[PDB]
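# Coordinates in review
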Amino acid sequence: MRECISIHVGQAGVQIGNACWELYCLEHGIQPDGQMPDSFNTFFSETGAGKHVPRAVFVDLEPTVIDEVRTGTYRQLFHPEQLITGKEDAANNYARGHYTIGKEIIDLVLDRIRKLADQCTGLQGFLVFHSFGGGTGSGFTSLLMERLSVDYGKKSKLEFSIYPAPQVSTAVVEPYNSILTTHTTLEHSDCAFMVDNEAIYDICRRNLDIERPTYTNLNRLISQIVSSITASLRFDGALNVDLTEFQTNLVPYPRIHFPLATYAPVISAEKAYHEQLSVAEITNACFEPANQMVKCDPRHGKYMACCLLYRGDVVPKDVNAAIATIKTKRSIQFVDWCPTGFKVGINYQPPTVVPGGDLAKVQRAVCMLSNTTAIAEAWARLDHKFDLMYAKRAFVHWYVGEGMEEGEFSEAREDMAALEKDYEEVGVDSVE
Amino acid sequence: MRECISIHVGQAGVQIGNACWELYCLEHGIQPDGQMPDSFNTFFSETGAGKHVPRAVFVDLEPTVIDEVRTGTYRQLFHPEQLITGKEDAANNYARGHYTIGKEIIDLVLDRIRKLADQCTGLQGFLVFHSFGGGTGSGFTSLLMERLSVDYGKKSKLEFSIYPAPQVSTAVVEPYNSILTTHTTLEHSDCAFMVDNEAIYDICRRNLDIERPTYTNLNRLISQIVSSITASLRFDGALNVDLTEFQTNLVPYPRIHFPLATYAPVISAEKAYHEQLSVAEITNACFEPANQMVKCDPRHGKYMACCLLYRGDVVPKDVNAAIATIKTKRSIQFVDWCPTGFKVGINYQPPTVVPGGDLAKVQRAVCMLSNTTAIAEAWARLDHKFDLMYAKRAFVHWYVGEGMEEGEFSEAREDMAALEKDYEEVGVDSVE
Amino acid sequence: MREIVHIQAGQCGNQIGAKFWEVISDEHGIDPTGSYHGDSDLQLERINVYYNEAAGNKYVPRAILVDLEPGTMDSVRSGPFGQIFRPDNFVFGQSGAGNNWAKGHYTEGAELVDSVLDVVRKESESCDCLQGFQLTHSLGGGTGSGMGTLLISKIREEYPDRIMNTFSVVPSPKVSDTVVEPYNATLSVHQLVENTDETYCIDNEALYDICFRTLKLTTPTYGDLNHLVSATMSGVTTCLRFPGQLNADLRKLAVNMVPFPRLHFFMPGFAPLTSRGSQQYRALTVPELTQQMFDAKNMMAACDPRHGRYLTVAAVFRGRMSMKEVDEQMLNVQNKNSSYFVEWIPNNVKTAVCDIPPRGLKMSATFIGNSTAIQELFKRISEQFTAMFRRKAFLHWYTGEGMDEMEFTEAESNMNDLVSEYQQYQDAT
Ligand SMILES: Nc1nc2c(ncn2[C@@H]2O[C@H](COP(=O)(O)OP(=O)(O)OP(=O)(O)O)[C@@H](O)[C@H]2O)c(=O)[nH]1
Ligand SMILES: Nc1nc2c(ncn2[C@@H]2O[C@H](COP(=O)(O)OP(=O)(O)OP(=O)(O)O)[C@@H](O)[C@H]2O)c(=O)[nH]1
Ligand SMILES: Nc1nc2c(ncn2[C@@H]2O[C@H](COP(=O)(O)OP(=O)(O)O)[C@@H](O)[C@H]2O)c(=O)[nH]1
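Looking now at the pattern of salt bridges. Per the counting criterion, the structure on display carries 43 salt bridges over all chains. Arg96(A) is paired through a salt bridge with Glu88(A); the nearest N and O atoms lie 3.1 Å apart. Residue class for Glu88(A) comes out exposed when judged on its relative accessible area of 52%. A salt bridge links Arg255(B) to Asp415(B), with the nearest nitrogen and oxygen atoms 2.7 Å apart. Placement of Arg255(B) in the loop between helix 10 (243-249) and strand 11 (260-264) and of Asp415(B) in helix 15 (residues 408-427) is noted, with a sequence separation of 160 residues between them. By relative accessible area, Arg255(B) is classed as partly exposed at 34%. By sharing partners, the salt bridges in this structure join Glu88(B), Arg96(B), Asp161(C) and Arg162(C) into a single network.

Quick look at the structure:
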């Protein structure tokens, strides 16, 4: 009787979420029209008849990407009071995400969310899926993160936010929308998981043998992380894990809430043979730096606390043997004050494959969550992008001219300089 | 539970190895698709289903000879993460084998090798199959021999390296690739077995009655040596032998690790009748100088230590009678300090024949290993080839112009002059 | 992988490719339209080396054609397999060479080369991994002499690691196509040794007698003489393009064939050669192929290997043949012809074995020779050079186009410094 609702903000909210909700339909026997010709009380409420609905709140400031759900295959699944759209988009502008357009319908989305909580009692937490590059995924999220701490507060919020790639840039204003949303969400959020685009193109060429993927093909692997963190809620496992536990097991200091995600194995269907995928083979592939979904090499940093999620055929003696070999290595080095840095979860059911997909039906799979310290090197280079673009006063008139005090950049940058050297404080060891 | 992985370097690595792995498929009931419609834990790991894979690491700098495995009969047997290729070949250049091209993927092959050791516990040793004439079999081997002593070290490495023929030359740069790889592998290797081309054409015309063989037909006899040294691991015998024992039974001095191989009987199928192949008839054929696979007459030298491997119907009283008649002869003369120069091994199972092959299914066969001293006469004539080609400064600009100090020839040649007269020290007897 | 960009230059350098690309496309079953019609899947295993795979399952030759006049480029497209080329690659000047090395290297060559070096660069990124460039031209004319070498010096600055080989046409000894061919030779031979890794010298005068004394052709036209040029070039790269028991490429045939970086003038040979009325009486065995190569009347250059010694010998074989039938024959021709080789290089025979024979035969070979018999080929050029230059004959045309005497004097002695190397290594011990 434990429920968890999800919020999808911006275009990155929609196109991730459709591939995510496609996977939830294929697990609990859900057709594309809701019927099932239990256990899914978590993510699917029931009507008076035998039809179920998803607990989704899709929101965007532009109407194109929403209407593909309104006319697509999942037409008659979603309640049309939940596809909240608008007239004009923010269009890569934090002022039009947080100060001009986002001021209007921030009091419209909060009506539908509270009506979802009225038919639930085990409301554990939220799921906020957005991006950092775009304005709507940054601006409209940052105003939304205030009102959720006002109304609910105790419910453990999460973020599968798209981290901006260090060498693959789509929008020019990524060093402004990344920094300005960081000053806001640091006051409200609980645990922000990072998934980057550039490392997925590294994996899907090398480990799926596909040199030409699409965003629909990239969203198939992102749904593996979503189903494997929420695996202990829907299915029952031998050793479960709660959404309240993630902000305790992985957040040492309240000003640092940036872990990252890693999924394994990722092999193609014609390569799905020729190996057994033993539990130690699929766990050393996790801590390998070449298989992460964020292009940040962790061997130049340390791990404060790690998390291991297992689903499939999992023997707990085998997991115990798998962890102890890793801690006897040297390429992985933890922080000196945390010897007990693992939260191990085990679920029975294997991850299923989408028909017409790209990965293969395997017996077991791992989704690793780790809270590194080497990600701060990417934060310096992100700030190195911010130093040149702001000292030249580039692109400022698009922000100040739309309801934003220019001194607010002085507030966000100095807080960024604090968190830049907060990893210097934690990353060093103690004295003797 | 004792395993042993193999490495195949260069074109001579591939075309030997395919005929070798063909023989291992035909013994343990392995189809060309891995199924078997135990004992093969040594060379064949098992997947989660009922399919097995070979423990092969095939590597070459040119993509032609690899793709014939990728499209040939053994297509669906080998894991495609093990057929490591490259763009450009070394193409008879030790600089492009060890300093220019081999620097790139030396850190790529070592990833797959350690993953084979992660699913093994009885890792005894290695098998490195290459040649001395070509650049890739010399250069890429010589850099690989450093990293194996760095990482593993204790595991007994071996070489079935192709010795360059004294009177049959394919490449012009054989007196450079033979000498420069000898300065490197002397520091790292443990036991290098020599098989020469010229003596096999002497045998296969005279003893198989085939005057026109091919490299595929020459690789059938080389696989007899491979299965008969690794015979005590796969099958069980009345008196077994280990791969750690070969570097103790046959290496008196650490600077001399050159034995040679001899196989008997080698008779055709229409000649397979008319004789019984008694154990003394098939053992005097071993020590006969006309039946060796290296064209070096041992009667102009001595034997430091010999080894005898037997497979088939073998009675230990018959082997004892067979050895004592040989030591009472004069054409074989041992070195004065080693009366106990035999390591005798007995396995029960006879060698099987490949369908469409050339030899015949016999009851018993012998693979003789001996560590002669007359091979140094071939080393002088190899250095006699090196003296003229280097004093005229021939072909030097192809080496110095591709990242090689010219003074490195002064280091390899003076070490060669040491090992040339190290056989003078051992080959003479003591004083009184 | 390992793609080769083909570049042509000169009136001779264009019509060879019309014969050359007809042969290569027929080794893979290609119509003059550009589609595929082959039966075996081996023909598309290494098809990308001479072909960029275009849309519509078509194939174009990775080839760039260069002239200084439009008198040849329109003649290629109006013949067989002239439709296969892309119309953008025909880069050519408008006026004409005038058969002048000075105009072929300084006057018009400074203009047209920028319209070529981007097209080569456009084919540079088209290659997934570049192997090397091959060039087809002459040494007597104007366009093939200068404009060819003007490309070579710019390419070697762009690509020092990439190999380079020119199937040039050395002029005949006695009969003369070009009046000023000693000036066009020496001023181009000075440029070849600077920036080329190897060169395959082909004489016209030998190829007349090969078609007459051996093939017994009554009317040998250039549709038959240039066919033997294509049989050489296809016989070199035939191991790079197909699986064989012992592979070979343009790098193995460059390292094992060049002992010293300026001694890289070669001589090709082809075997077998059967007449239409003399083919049904020959035993097609591998030792028949060997003794046919090593005589005077099968060399493709006016050279006398009896008066000279070989240094390096490469033989590239095609077809399903054994090795003892090859390797024993390669040893025996060294033993009986022991004076015909050099002493300080032991066992100088290079073996290359492929598995795809030429279409129309069962077994074949291709001979690559390197001997000191070419010192007569250059001194006879240098003898004609010093006779004409001391009279200042034909010198004002070159001098009128910005050229000094020190350009000649350095180029004269550098050929004399070339031949004095060959005579030094000829009879040493
Ligand atoms: N992995 C992945 N990334 C996506 C997907 N769709 C968009 N992105 C990324 O999202 C970023 C663009 O941000 P958007 O979400 O489209 O922008 P926005 O916040 O909606 O702002 P507007 O311009 O107002 O719509 C780029 O980095 C895209 O690569 C998707 O399906 N998968
Ligand atoms: N017995 C035997 N010898 C072989 C075989 N294949 C090649 N060789 C020998 O190997 C030598 C040539 O060396 P390669 O291994 O081809 O050269 P490489 O090291 O790969 O160097 P590259 O030119 O860069 O490919 C010659 O002596 C051949 O006779 C084979 O199947 N059997
Ligand atoms: N093999 C061959 N050589 C030719 C042919 N036509 C001309 N040549 C030779 O090419 C040289 C003249 O070069 P040419 O192409 O006319 O001058 P260019 O156009 O300025 O390069 C002479 O050595 C001729 O013998 C031909 O069809 N075949």
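Another point: the interface of chain B and chain C. Contacts between the two partners involve 39 residues from chain B, matched on the other side by 42 residues from chain C. At 4 residues, the largest contribution of residues to the side of chain B that touches chain C is made by helix 2 (residues 64-70) of chain B. The residue inventory of the side of chain B that touches chain C, partitioned by class, reads 17 nonpolar, 9 polar and 13 charged.

Let us look at the nonpolar core. In this structure, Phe133(C) and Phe265(C) are the most contacted members of the largest nonpolar core, which totals 147 residues. With 7 residues, the single largest contributor to this core is helix 13 (residues 376-391) of chain B. Apart from the residues lying within four places of it in its own chain, the contact partners of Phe133(C) are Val5(C), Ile7(C), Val120(C), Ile155(C), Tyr159(C), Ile163(C), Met164(C) and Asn165(C). Within the second largest apolar cluster, 58 residues are counted, among which are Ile66(B), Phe160(B), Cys204(B) and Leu250(B).

This brings us to the site of ligand 1. Residue and element names in this part refer to chain A. Taken together, 18 residues sit near ligand 1, with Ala91, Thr136, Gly137, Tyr215 and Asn219 positioned nearest. The separation between an oxygen atom of ligand 1 and a polar main-chain atom of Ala91 is 2.7 Å. Within the backbone of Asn92, a nitrogen or oxygen atom sits 3.4 Å from an oxygen atom of ligand 1. In the complex, 90% of the free accessible area of ligand 1, which totals 660 Å², lies under the protein chains. Counting residues per element, the ones that place at least two in the shell around ligand 1 are helix 1 (10-25), helix 5 (136-151) and helix 8 (215-229). In terms of residue class, the shell around ligand 1 is made up of 5 nonpolar, 12 polar and 1 charged.

So, about the site of ligand 2. All names here are of chain B. The environment of ligand 2 is made up of 20 residues, and the closest members are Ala91, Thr136, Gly137, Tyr215 and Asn219. Contacts to ligand 2 include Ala12, whose backbone N or O atom sits 3.1 Å from an oxygen atom. Notes on ligand 2: free accessible area 660 Å², of which the protein chains cover 96%. Mapped by element, the contributors of at least two residues to the shell around ligand 2 are helix 1 (10-25), helix 5 (136-151) and helix 8 (215-229). In terms of residue count, helix 1 provides more of the shell around ligand 2 than any other element does, 4 residues in total. Of the residues belonging to the shell around ligand 2, the class tally is 6 nonpolar, 12 polar and 2 charged.

Now for the UniProt feature "active site" in chain A. Feature annotation in UniProt assigns "active site" to the following positions: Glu245(A). Judged by its relative accessible area of 26%, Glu245(A) falls in the partly exposed class.

Definitions and cut-offs
Residues numbered from 1 in each chain as written, not as in the entry; some residues may be left out. Chains lettered and ligands numbered in written order. Part of a larger assembly, values for the part shown. Heavy atoms only, no water. Residues with missing side-chain atoms left out of burial classes, pairs and counts. Salt bridge = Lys/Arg side-chain N within 4 Å of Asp/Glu carboxyl O. Buried < 20%, exposed > 50% of the residue type's maximum accessible area, 1.4 Å probe, protein only. Helix = DSSP H or I, 4+ residues; strand = E, 2+ residues; numbered from the N terminus. Contact = heavy atoms within 4.5 Å. Nonpolar A, V, L, I, M, F, W, Y, C, P; charged D, E, K, R; others polar. Core = buried A, V, L, I, M, F, W, Y, C linked by side-chain atoms within 4.5 Å. Near = heavy atom within 4 Å. Polar contact = N/O pair within 3.5 Å; in protein donor to acceptor, adjacent residues only side chain to side chain. Areas by Shrake-Rupley, 256 points an atom, 1.4 Å probe, with all protein chains shown as cover. UniProt positions renumbered as here; feature names shortened; annotations may be inferred.

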